[PDB]
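All remarks here apply to the structure that follows.
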Amino acid sequence: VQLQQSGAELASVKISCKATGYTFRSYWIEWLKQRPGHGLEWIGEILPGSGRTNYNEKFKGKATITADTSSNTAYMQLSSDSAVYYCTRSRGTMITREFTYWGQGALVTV
Amino acid sequence: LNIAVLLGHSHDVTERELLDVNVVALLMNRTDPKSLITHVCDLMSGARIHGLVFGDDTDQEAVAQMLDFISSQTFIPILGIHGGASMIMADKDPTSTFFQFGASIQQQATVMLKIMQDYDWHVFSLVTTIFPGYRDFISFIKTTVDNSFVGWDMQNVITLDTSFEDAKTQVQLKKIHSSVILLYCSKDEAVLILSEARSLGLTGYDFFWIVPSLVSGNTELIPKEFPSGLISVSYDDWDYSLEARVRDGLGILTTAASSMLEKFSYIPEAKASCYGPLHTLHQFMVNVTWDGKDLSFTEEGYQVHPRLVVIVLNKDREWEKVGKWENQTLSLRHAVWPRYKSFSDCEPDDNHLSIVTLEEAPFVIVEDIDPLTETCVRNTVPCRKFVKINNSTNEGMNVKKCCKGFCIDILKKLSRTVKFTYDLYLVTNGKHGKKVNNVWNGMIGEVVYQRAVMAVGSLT
Amino acid sequence: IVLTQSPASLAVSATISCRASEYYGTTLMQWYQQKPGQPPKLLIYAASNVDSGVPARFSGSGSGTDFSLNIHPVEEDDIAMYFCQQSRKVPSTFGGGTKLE
Amino acid sequence: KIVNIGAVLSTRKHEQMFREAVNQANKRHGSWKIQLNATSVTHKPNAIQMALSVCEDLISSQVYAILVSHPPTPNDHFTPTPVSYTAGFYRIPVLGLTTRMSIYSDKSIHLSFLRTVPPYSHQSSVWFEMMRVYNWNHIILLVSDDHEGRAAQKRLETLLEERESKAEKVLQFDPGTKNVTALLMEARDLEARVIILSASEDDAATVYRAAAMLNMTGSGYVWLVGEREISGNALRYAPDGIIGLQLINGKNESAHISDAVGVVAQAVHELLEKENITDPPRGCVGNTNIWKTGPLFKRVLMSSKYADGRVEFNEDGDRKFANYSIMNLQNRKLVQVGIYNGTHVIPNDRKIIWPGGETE
Amino acid sequence: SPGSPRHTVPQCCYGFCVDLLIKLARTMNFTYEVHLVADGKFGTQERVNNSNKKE
Ligand SMILES: *[C@@H]1O[C@H](CO)[C@@H](O[C@@H]2O[C@H](CO)[C@@H](O[C@@H]3O[C@H](CO)[C@@H](O)[C@H](O)[C@@H]3O)[C@H](O)[C@H]2NC(C)=O)[C@H](O)[C@H]1NC(C)=O
Ligand SMILES: *[C@@H]1O[C@H](CO)[C@@H](O[C@@H]2O[C@H](CO)[C@@H](O)[C@H](O)[C@H]2NC(C)=O)[C@H](O)[C@H]1NC(C)=O
Ligand SMILES: *[C@@H]1O[C@H](CO)[C@@H](O)[C@H](O)[C@H]1NC(C)=O
């Protein structure tokens, strides 16, 4: 399992996260913010199989996450913040809810 | 997948014996609704659990109602295993996804009519209380009788109005003249009605009483007014523990999830939280079989092949398990029906004639039972013969056949006037009688030795 | 859930602490090692079980809201930042970071 | 010497009238030391939080009765079910005032539920009574909601058992469908023109549109529908000449709650004359036992007969002798053309104008 | 059916009942259409192998 993402940015933006190592319709996808100076944060998760979406209260109303079952890509849209972004996937054994597979990272700046 | 196994028990069931599968094991004592809601909402935040297996030790049936309601409001399947939570309710709802174990009233009624047929008790009546769900039972019985090979004799249905005043209800109770009686009532009314009937004298040995699992409540709680020999059937199989039940539930859930994964991968979905659906197992686990045991369900949620058990009341005032239920057939551990003449200490029942006869061409015609309906033709009579298997061993089988002829006409007419009872059978020793060195044989050997009473067969 | 760990910087030639503000006999805490310019790597899960394919020099213990991490013997590898993550309640949160030298 | 009462009301004027009626309950009952304590809660958009809050509050207050009296629910489910199940866990009687779903007559599920309005099977009974008027014996049945479709069909069968007549055709399906023209063509070939309708308004509008396309509104057609079938957009597509029924005073919540509270007060005073008067505990925490007078109190309420109209619960715990009106679609303006007595039908002087020809 | 699975042709029928039916139709006011029965058996109530129901 390997992950790939979009390039750097410099309004609104969109970042892609493509899966090419498993069945993309089975596992959730989570988004993380890692603005320098602190550890990390948590935004939301999405299940491509059914489309159920949950969002964090702090980031509610500002980040919209969508997925495409055909191209196996994940889209997260921030509207109207300069931080490094990651898209990740759990191992699948559940309960632990840890993060094992990591992306490359897209650096947005204003 | 993520499955939670919660047990509300007083019996000491510990917890250590209990691509992504996780199991939750807990033990609970209290059964108040707020505790149920709190535990469900707490575990619903515990790593997206989709499976819920529950059982109860108490005998309160509102627990199943609340479980079904919460399952509907959370779209999460729930099972019933034991106690009031496993009690079969009236009418589930397609919005709900709650499922149980054990049989409904109609399956048990079919089993009861099978039991009645296997003993050829073709005369009965129908006694029903104001307990809800009686009209469905009446309709099912009416539909079952009209498409049967037996041609049952049914007396008019006895329906109670209130707690019997013994003013007009006794008028209907007197007209009950059959030997087999069917009763459908709650446990509290059963004591009253049985005491009433015992005062009316309808508590004889031939006046059998049959009741469903509803009236048979706690195994420990046994009223004294139940005669020793009450006919009851309840799904409480004591040879199979709750561990097997929850293991079979886990097998059912795993098979259903595994088979529903291939048609659509993203089936298992539980709601996020209490505060603040396209493809499921709702219409998918109709057909399922694990390790040969067909654990399939119905369109209304019931089981396909449940485990029913026939129980009666022994002289020791205990529910005595007798007959089980096979895949479709009915087995009987005691083929010959015990008399149970002693229901109480005020019942000196005594009347029966062991009759042994010999095969004589115009008087005793021995014919095999009709295989089309598995019943002797009405102008014949029941009988049996201890037929030995081989010559090396003396073991034999009591094959049951049908007898007719000319002398058998005499015996039937005698019971019409003298009004006695008989258990006809055939002599396996041999001919009529021969004193072999002051030792008789055959019928003489059965009346002198008093193993029998009379012999209607031709004799010199 | 809010986490806090001390010291922010450590001077060794060691141990770590992470105090919280359990799930039916299971502890929910994970430690991540992040070299500069690299994605995080999981090190310990369930607060007592190490991850396969990692050196045995790492061991951890803790319960309740006070958990700690220690390492022995000391080598060049443990030269990055570390944090602790909770999973008892969603969303998860991480630590504050801890250097080493 | 105190009686606690829990209620669920949102309109403040109705709650004021409820408190006024509770206060006036102690008027004709003398100066006895029994007291009536009032407890009310309002709406919340959710159905689990409302359930738990109402259950815990009315358990802690140790109330005896609970009421549901809100027609204008934005939710179309009309669900007081959590209240009923939770207050039935302790066999504490519950009173419904608005919901008319036939599922609530079943007392194997709802152990401690009663209501003072009749479910729609009574409309089927009134239809069978109408059959006694014009000498009709062949009908065509179509019911969509299968939760209550089976109940409506069973009620119709019980009605027909007296005459030992059988319906020519019955139909059930999944509500929300639109291609129902095949069944309409099937029914066209038959001899009967009696059409019985009991479904949702979406299904009613759909079938009206399909029948208007198929032109089945000519002369000789018998039309008969229930109350739910002529509201909303279903009324928009209703062919002229149809016959409708009406629930008299089924929405003026004032007198409804007044009568309910009077009945409750009389029943409570009647029960106060008896012995072994226990009380519900704070069953919210650690009280797993049932009310030992639960069935006793329920049966006391079942025998509740009154004369000040008459309110009387049957073995299904439903009000009888309800007055029904008959309405006709005269150029798409409803006109009162008949009434239904407790067991009789009394047509008025208004003409019976039919979709086809004669008024006969 | 074992010999002729499905071979129905319009044929000529006569005898006693045909004349009786013609007289009935002449006396009254209606029309008719004569057709045969798929088998040659009068009709018996027999259990169908499914649902254990007599048909
Ligand atoms: C008789 O009627 C009175 C008035 O309705 C009842 O008093 C009410 O009791 C409830 C339960 O204790 C109170 O609810 C509580 O309110 C406090 C805030 O005041 C809140 O912090 C608690 O969490 C809870 O919601 C309610 O306020 C109180 N109302 C008044 C005006 O007294 C009384 O309980 C009834 N009889 C009995 C003894 O049950
Ligand atoms: C709805 O119900 C209320 C209450 O029964 C009716 O108001 C009553 O009207 C009569 C006649 O005017 C008065 O004598 C009563 O004193 C009124 N009582 C109250 C409490 O208002 C009202 O008329 C009814 N309206 C409908 C729509 O029928
Ligand atoms: C009911 O009240 C009476 C009088 O206080 C009491 O004797 C009786 O025991 C009570 N109920 C029962 C049957 O316990």
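Going by the structure tokens order, chains are called A, B, ..., each with residues numbered from 1, while ligands are numbered from 1 in the order shown.
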
Let me see if you get this right: every residue at most 8 Å from ligand 3, counting only C-alpha atoms and all ligand atoms, written as a compact mmCIF listing (two decimals) with N, CA and C atoms, in the first residue's frame.
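Result written to part.txt:
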# COMPACT_ATOMS: atom_id res chain seq x y z
N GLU D 275 -57.48 -0.31 48.36
CA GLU D 275 -56.37 -0.59 49.25
C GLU D 275 -55.12 -0.94 48.43
N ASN D 276 -53.98 -1.03 49.12
CA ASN D 276 -52.70 -1.39 48.53
C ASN D 276 -52.30 -0.39 47.44
N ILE D 277 -52.23 0.87 47.84
CA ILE D 277 -51.90 1.97 46.93
C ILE D 277 -50.41 2.23 47.06

Please check which protein, DNA or RNA residues sit within 9 Å of ligand 1, counting only C-alpha atoms and all ligand atoms, and write them as an MDAnalysis selection string.
chainID D and resid 2:6 36:40 57:63

If the cut-off is 12 Å, can you tell me the residues of chain A near chain B, counting only C-alpha atoms? I'd like them as an MDAnalysis selection string.
chainID A and resid 23:28 47:55 90:98

What lies within 10 Å of residue E:52 using only C-alpha atoms, ignoring chain neighbours under 6 positions off, as a PyMOL selection string?
(chain B and resi 147-148) or (chain E and resi 46)

Give me the residues of chain B that have any atom at most 12 Å from an atom of chain E; for each, the nearest atom pair and the distance in Å, rounded to one decimal. Use only C-alpha atoms, sort by chain and number, and format it as JSON lines.
{"residue": "B:143", "atom": "CA", "partner": "E:53", "partner_atom": "CA", "distance": 10.3}
{"residue": "B:144", "atom": "CA", "partner": "E:53", "partner_atom": "CA", "distance": 9.9}
{"residue": "B:145", "atom": "CA", "partner": "E:53", "partner_atom": "CA", "distance": 11.5}
{"residue": "B:146", "atom": "CA", "partner": "E:54", "partner_atom": "CA", "distance": 9.5}
{"residue": "B:147", "atom": "CA", "partner": "E:53", "partner_atom": "CA", "distance": 6.5}
{"residue": "B:148", "atom": "CA", "partner": "E:52", "partner_atom": "CA", "distance": 9.0}
{"residue": "B:149", "atom": "CA", "partner": "E:47", "partner_atom": "CA", "distance": 10.8}

Using only C-alpha atoms and all ligand atoms, which residues have at least one atom no more than 9 Å from ligand 2? Output them as a JSON list (two decimals) with N, CA, C and O atoms, in the first residue's frame.
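Written out: out_0.json:
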[["chain", "number", "residue", "atom", "x", "y", "z"],
["D", 17, "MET", "N", -54.21, 25.94, 29.93],
["D", 17, "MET", "CA", -55.50, 25.27, 30.09],
["D", 17, "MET", "C", -55.36, 23.93, 30.79],
["D", 17, "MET", "O", -56.24, 23.53, 31.56],
["D", 249, "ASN", "N", -64.08, 17.15, 15.66],
["D", 249, "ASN", "CA", -63.33, 17.67, 16.80],
["D", 249, "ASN", "C", -62.07, 16.85, 17.08],
["D", 249, "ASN", "O", -61.66, 16.69, 18.23],
["D", 251, "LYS", "N", -59.15, 17.74, 16.19],
["D", 251, "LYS", "CA", -58.01, 18.65, 16.18],
["D", 251, "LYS", "C", -58.11, 19.77, 17.21],
["D", 251, "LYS", "O", -57.08, 20.35, 17.57],
["D", 252, "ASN", "N", -59.31, 20.08, 17.70],
["D", 252, "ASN", "CA", -59.46, 21.10, 18.74],
["D", 252, "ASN", "C", -58.95, 20.51, 20.04],
["D", 252, "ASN", "O", -59.70, 19.90, 20.80],
["D", 253, "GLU", "N", -57.66, 20.70, 20.30],
["D", 253, "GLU", "CA", -56.99, 20.02, 21.41],
["D", 253, "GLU", "C", -57.52, 20.47, 22.77],
["D", 253, "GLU", "O", -57.36, 19.76, 23.77],
["D", 254, "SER", "N", -58.17, 21.64, 22.82],
["D", 254, "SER", "CA", -58.63, 22.18, 24.10],
["D", 254, "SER", "C", -59.61, 21.24, 24.78],
["D", 254, "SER", "O", -59.33, 20.70, 25.86],
["D", 255, "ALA", "N", -60.78, 21.03, 24.16],
["D", 255, "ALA", "CA", -61.79, 20.17, 24.76],
["D", 255, "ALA", "C", -61.32, 18.73, 24.87],
["D", 255, "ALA", "O", -61.72, 18.01, 25.80],
["D", 256, "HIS", "N", -60.46, 18.29, 23.95],
["D", 256, "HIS", "CA", -59.91, 16.95, 24.02],
["D", 256, "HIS", "C", -59.12, 16.75, 25.31],
["D", 256, "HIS", "O", -59.37, 15.79, 26.06],
["D", 258, "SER", "N", -59.27, 18.62, 27.93],
["D", 258, "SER", "CA", -60.18, 18.82, 29.06],
["D", 258, "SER", "C", -60.89, 17.52, 29.42],
["D", 258, "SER", "O", -60.93, 17.13, 30.60]]
